[PDB]
Amino acid sequence: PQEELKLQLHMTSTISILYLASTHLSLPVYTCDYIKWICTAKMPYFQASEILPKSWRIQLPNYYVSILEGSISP
DNA sequence: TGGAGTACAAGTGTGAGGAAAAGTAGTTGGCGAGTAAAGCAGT
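Listed as the method for this PDB entry is cryo-EM; the listed resolution is 3.5 Å.

Where the PDB entry is consulted, chain A appears under the name RNA polymerase I-specific transcription initiation factor RRN7, with the organism given as Saccharomyces cerevisiae. The title field of the PDB entry reads "RNA Polymerase I Open Complex conformation 1".

A. Up close: the overall build of chain A. Regarding its fold elements, chain A presents three helices and zero strands. When the helices and strands of chain A are read in sequence order from the N terminus, they spell out α-α-α. Taken against the 2.2 N^0.38 rule, which gives 11 Å for 74 residues, the C-alpha radius of gyration of chain A at 14 Å runs more than 25% over that of a compact globule. Based on the C-alpha atoms only, the size of chain A along its principal axes is roughly 40 × 30 × 20 Å. Buried residues in chain A amount to 15% of all 74 residues. Accessible surface computed for chain A: about 6,400 Å², of which carbon and sulfur atoms make up 63%.

B. Summary view of the nonpolar core. Among the nonpolar cores identified, the biggest contains six residues, and these are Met11, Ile15, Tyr34, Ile38, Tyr45 and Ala48. When sequence neighbours within four positions are dropped, the list of residues in contact with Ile15 reads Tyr34, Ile38, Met43 and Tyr45.

C. The arrangement of the protein's contact with DNA strand B in detail. Near DNA strand B, the surroundings consist of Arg57, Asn62, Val65, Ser66, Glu69 and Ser71. Counting only the atoms of DNA strand B within 4 Å of the protein, the fraction contributed by sugar and phosphate is 70%. At 3.4 Å, a side-chain N or O of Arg57 approaches a phosphate oxygen of DNA strand B. Classifying every residue of the surface near DNA strand B gives one nonpolar, three polar and two charged.

D. Fine view of the packing of aromatic side chains. Enumeration according to the criterion identifies three aromatic pairs in this entry. Ring centres 4.9 Å apart and planes at 90 degrees place the aromatic pair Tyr45 and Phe46 in the edge-to-face group. Summarising the aromatic geometry, the rings of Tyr63 and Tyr64 are spaced 4.5 Å apart at their centres and angled 35 degrees between planes, so their arrangement reads as tilted. With relative accessibility at 49%, the residue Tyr63 sits in the partly exposed group. It is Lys36 that lies over the ring of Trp37; its NZ or CZ is 5.4 Å from the centre.

Thresholds, definitions, all that
Residues numbered from 1 in each chain as written, not as in the entry; some residues may be left out. Chains lettered and ligands numbered in written order. Part of a larger assembly, values for the part shown. Heavy atoms only, no water. Helix = DSSP H or I, 4+ residues; strand = E, 2+ residues; numbered from the N terminus. Rg over C-alpha atoms; globule rule 2.2 N^0.38 Å. Buried < 20%, exposed > 50% of the residue type's maximum accessible area, 1.4 Å probe, protein only. Areas by Shrake-Rupley, 256 points an atom, 1.4 Å probe, with all protein chains shown as cover. Core = buried A, V, L, I, M, F, W, Y, C linked by side-chain atoms within 4.5 Å. Contact = heavy atoms within 4.5 Å. Near = heavy atom within 4 Å. Polar contact = N/O pair within 3.5 Å; in protein donor to acceptor, adjacent residues only side chain to side chain. Nonpolar A, V, L, I, M, F, W, Y, C, P; charged D, E, K, R; others polar. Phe/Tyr/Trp six-rings, centres within 6.5 Å; stacked < 30°, edge-to-face > 60°. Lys NZ or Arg CZ within 6 Å of the ring centre and 35° of its normal.

Written out as structure tokens, the structure is:
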């Protein structure tokens, strides 16, 4: 319900839904072949809030823009 | 021959810890000179 929805999205989600598309396609890429392509600054997991939108940034509140960049690693 | 359970191995009930950017403080600092006349005191 839109009344107090509290949607559960994190940067751990956008890798997890990117891992499941790899096993339905039956790919040899894994979470060792994801954490080696994100912590080596290859696909934009880290620092995503700050450089990606460039026009949609400013009206987003402070705790929401905190979650969308690559804050920690999982 | 057949049970007391006591063990590890399965479960589900009970609130909180850590994350962080903008926004918000107490605090300095850095401003806007004459020639004349009449008056009523004066004595």
